[PDB]
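Presented below, as structure tokens, is a lone chain in the form deposited in one PDB entry.
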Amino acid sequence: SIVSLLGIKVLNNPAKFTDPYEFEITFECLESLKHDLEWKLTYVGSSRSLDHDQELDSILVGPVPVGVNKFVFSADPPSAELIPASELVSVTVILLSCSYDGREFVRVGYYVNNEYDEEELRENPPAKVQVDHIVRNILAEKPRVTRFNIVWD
């Protein structure tokens, strides 16, 4: 409850698969404390017989002031070598998560679409996924938010 989110803006939208995530994250802090904030971005996939979750990047914002702080979290992109070919061209999900001394207190989930920029390539796919021609689209205008009450003290 001590920290809440005013906003998240996805500056790089739409973007390439390989393109990083720049997340302008407006947030607020009431009653400051020392142990510092762990902002984690987690890729979540769903494919044929698997439900894969892998962490993408993690930033630490320090020190934590009171009021409205706007910081940009630059996050590392996905790795097609570690993702099935279907999740390359399909809808996926990313969980921007912030945690306080081990304790996740807020989790913002976003739909994400991915597909080919080329017109024909979209009508008839290449035999192999060409990540260079994949383009991603974050549905950041409609966050899906989960909040967890952690012992801030």
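Whichever C-alpha set is largest while still superposing within 1.5 Å between the two forms counts as the rigid core. Numbers follow the displayed sequence, beginning with 1. Shifts are known only where both forms have a C-alpha.
Novice: Please work out which of 107 to 115 and 122 to 130 has the higher mean CA B-factor as recorded in the PDB entry.
Specialist: Going by the record's values, the stretch with the higher mean is 122 to 130.
Novice: When the Cα temperature factors in the entry are averaged, is it 89 to 97 or 66 to 74 that ends up higher?
Specialist: The stretch with the larger mean CA B-factor is 66 to 74.
Novice: Highest CA temperature factor in the entry: which of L50, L33, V44, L41?
Specialist: So the option with the highest C-alpha B-factor is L33.
Novice: Where does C29 sit by CA temperature factor within its chain: lowest, middle or highest third?
Specialist: Highest third of the chain for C29's C-alpha B-factor.
Novice: Ordered by C-alpha B-factor within the chain, which third holds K16? Give me lowest, middle or highest, please.
Specialist: Its C-alpha B-factor, which the entry lists for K16, ranks in the highest third among residues of this chain.
Novice: Taking only the Cα B-factors deposited for this chain, tell me whether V135 sits in the lowest, middle or highest third.
Specialist: It falls in the top third of the chain.
There is another form of this protein, the form deposited in another entry, and it is not shown here; the text below is about that form.
Novice: After superposing on the rigid core, which residue out of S58, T26, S47, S99 has its C-alpha displaced by 2 Å or more between the shown form and the other one?
Specialist: Result of the comparison: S47.
Novice: Using a superposition on the rigid core, decide whether the Cα position of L88 changes by 2 angstroms or more between the shown form and the other one.
Specialist: For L88, whose C-alpha is compared between the shown form and the other one after core superposition, the shift is 2 Å or more.
Novice: Specify closer or farther for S49 and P77: how their Cα atoms are spaced in the other form versus the shown form, given a shift of 3 angstroms or more.
Specialist: Closer is correct, given that in the other form the C-alpha spacing of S49 to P77 is reduced by at least 3 Å.
Novice: Which way does the C-alpha gap of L11 and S86 go in the other form, closer or farther, given it changes by 3 angstroms or more?
Specialist: Result: farther.
Novice: Core-aligned, C-alpha shift of at least 2 Å, runs of at least 3 residues: can you list them between the shown form and the other one?
Specialist: Runs 47 to 52, 85 to 89 stand out as displaced between the shown form and the other one - each at least 3 residues long.
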